[PDB]
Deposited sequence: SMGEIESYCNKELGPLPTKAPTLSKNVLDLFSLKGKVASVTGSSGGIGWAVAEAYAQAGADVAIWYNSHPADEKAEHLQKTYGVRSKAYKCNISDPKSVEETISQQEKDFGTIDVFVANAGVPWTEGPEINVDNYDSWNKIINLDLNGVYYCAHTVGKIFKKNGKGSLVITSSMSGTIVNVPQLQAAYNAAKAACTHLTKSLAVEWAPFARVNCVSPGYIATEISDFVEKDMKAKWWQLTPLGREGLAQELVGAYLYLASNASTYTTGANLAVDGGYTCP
């Protein structure tokens, strides 16, 4: 190692400095996903479907994931409307083994995976933890909202490493930064904070071959009146967000617009984390 500056972070970067990529000089071209393959978990639901069609509008082939609501006709919609390749995949993400089979199948079907969005999740709906006596709801949150994200990350990182390139986007939540009120959600808040800092941890470990980032959305239209009303009162923009207001953040992170961005948390929460 004499005559080499080795990294304190990850010596697999090789002799420092690493060199910068080549980038289109037109900013609008940086956001293109033409020729890239995207994989979006939870793209049966509101947020995931939104980023999936946003990625298709950017020119990416898109693998769609579902569990209990088959979304083949969504994949058909992307092919019919944007001319891109798409397909739907069924997978219980709580199961590490199904996740690995699905991602391997996608690699074969599309040839590679350039972008991965780990987005599928479930909420905690049971009020304060102290009145919830068995640990099954806690475990169900940890299993999918944290362990499931890691199974997807661990599996696709080996694809990114083999090819030397990739962008992983994790859907976290403002619940990883703050505590939601009045609906108390300790298990979900803890899983999401794990997700945000797993993002930073994987950004360091994957540095030689991929970028890892995360979006922390606020309340997204996607509920008792008096509760929503307190949400609106505590959010500086004064309203809930729309799923279409998130896709710009996911496309920014997925594309060459963010080649120096890794380990970042993009809060898209109407300012809720500020007060």
Non-modelled portions of the deposited polymer sequence, in sequence order = 223-227
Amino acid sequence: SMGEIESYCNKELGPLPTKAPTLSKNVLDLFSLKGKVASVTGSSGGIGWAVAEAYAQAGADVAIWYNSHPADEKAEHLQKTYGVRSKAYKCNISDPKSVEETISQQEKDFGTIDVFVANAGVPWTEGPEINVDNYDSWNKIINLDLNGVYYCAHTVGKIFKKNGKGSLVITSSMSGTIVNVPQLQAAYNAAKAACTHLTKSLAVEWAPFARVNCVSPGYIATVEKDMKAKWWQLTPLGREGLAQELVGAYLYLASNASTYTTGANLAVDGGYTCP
From here on, numbers count along this sequence of modelled residues.
request  = Pick between 101-109 and 180-188: the one whose mean CA B-factor in the entry is higher.
outcome  = 101-109
message = Mean CA temperature factor from the deposited coordinates, higher in 210-218 or in 57-65?
response = 57-65
message = Take the CA temperature factors straight from the PDB entry and tell me which of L234, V247, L237, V223 peaks.
response = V223
query = At the C-alpha atoms, which of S172, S167, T199, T125 reaches the highest B-factor in this entry?
reply = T125
inquiry  = Could you place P275 in the lowest, middle or highest third of its chain by Cα temperature factor, using the values in the record?
reply    = middle
key: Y82 CA temperature factor, ranked by third within the chain   = highest
key: Chain thirds of CA B-factor: placement of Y151   = middle
inquiry  = Sorting by Cα B-factor within the chain, modelled residues only, which third would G263 end up in: lowest, middle or highest?
reply    = lowest
ask   = Of the three thirds of its chain by CA temperature factor, lowest, middle or highest, which one includes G241?
value = lowest
